[PDB]
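Shown below, as structure tokens, is a lone chain in the form deposited in one PDB entry; questions about how it binds or moves come after it.
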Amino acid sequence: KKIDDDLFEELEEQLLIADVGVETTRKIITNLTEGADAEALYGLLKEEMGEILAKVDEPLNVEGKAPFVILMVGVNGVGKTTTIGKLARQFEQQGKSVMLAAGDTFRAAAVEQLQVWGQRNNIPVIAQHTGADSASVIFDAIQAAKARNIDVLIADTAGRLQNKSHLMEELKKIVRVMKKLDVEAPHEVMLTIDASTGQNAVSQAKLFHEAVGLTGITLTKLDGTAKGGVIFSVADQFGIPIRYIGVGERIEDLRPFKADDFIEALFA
């Protein structure tokens, strides 16, 4: 097969369906045309996509803090609660002690889901009454983690993103409250975004990144039909490391991010 305008239009369609986005797709194609049979083109495209993801493939390292604090941010419905448990199991398998903070204080089901999971798995969960102050719950969790020599503290947060909610200011307050106990905390600000939301994750990454500064991303629900192409836009615009991929609903379904596999899956 030979290179022509039909192949570049074919590639654009495939990238748009993968949620790479209009802007990122346009940039990628123009770079592909300038950089440049069909098979060679797909080889070159995968290579240039590899160069994008290479800049954000740093794996998360949680060792050496007391505790290492992960602030979990994201909007509701993306898999934040599930991911926290998957992370907790991951770190415990590595021999680290874990504590959870139920900072999404107005969602009773989310709080109780964490409490019950933690109880079943012998992981302490710091929680207060429904509607309690998120910053206070997370304050108590850090104190308890320090008192109890916990290696990793994972702090959940609210995820209602509307002008009523003042979520960004709440997160900023949480961070300031954190730094009164440990100036290095939070050691990781982990955004969870849902592959099935497509390009809406770009807006979310922008909001959370501008408010508290993201240092890592978990992309969930890659096991659906969604391709997760938004990460190219986030990488190009923000350069935030992709730490993990969610590949299911089971507690094991959290995988370290791998650039090569992700690229192949995008075209499968």
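C-alpha atoms forming the largest set that superposes within 1.5 Å between two forms make up the rigid core. Heads up: residue numbers just count along the shown sequence, starting at 1.
- Coordinates are lacking for 4 to 9 deposited residues between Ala36 and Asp37.
- Taking the mean C-alpha B-factor of each stretch as recorded, 243-251 and 16-24 are not equal, and the higher mean is that of 16-24.
- Per the PDB record, of the two stretches 188-196 and 144-152, 144-152 carries the greater mean B-factor over its C-alpha atoms.
- Considering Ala205, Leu45, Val212, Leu60 together, the PDB entry gives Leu45 the largest C-alpha B factor.
- Ranked within its chain, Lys227 lands in the middle third, by CA B factor from the PDB record.
- For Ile70, the recorded CA temperature factor ranks within the lowest third of the chain's modelled residues.
- The deposited CA B-factor of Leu181 belongs to the highest third of values across its chain.
- Per the PDB record, residue ranking by Cα B-factor puts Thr157 in the lowest third of the chain.
- Sort the chain's modelled residues by C-alpha temperature factor and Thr105 lands in the lowest third, per the entry.
Not pictured, yet referred to below: the form deposited in another entry.
- Only one entry in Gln94, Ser136, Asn121, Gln143 has its C-alpha moved by 2 angstroms or more between this form and the one not shown when the rigid core is superposed, and that entry is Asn121.
- Whereas the shown form places them at one spacing, the Cα atoms of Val125 and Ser165 lie at least 3 Å farther apart in the other entry.
- One change in the other entry concerns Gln162 and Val73, whose Cα atoms lie at least 3 Å closer than in this form.
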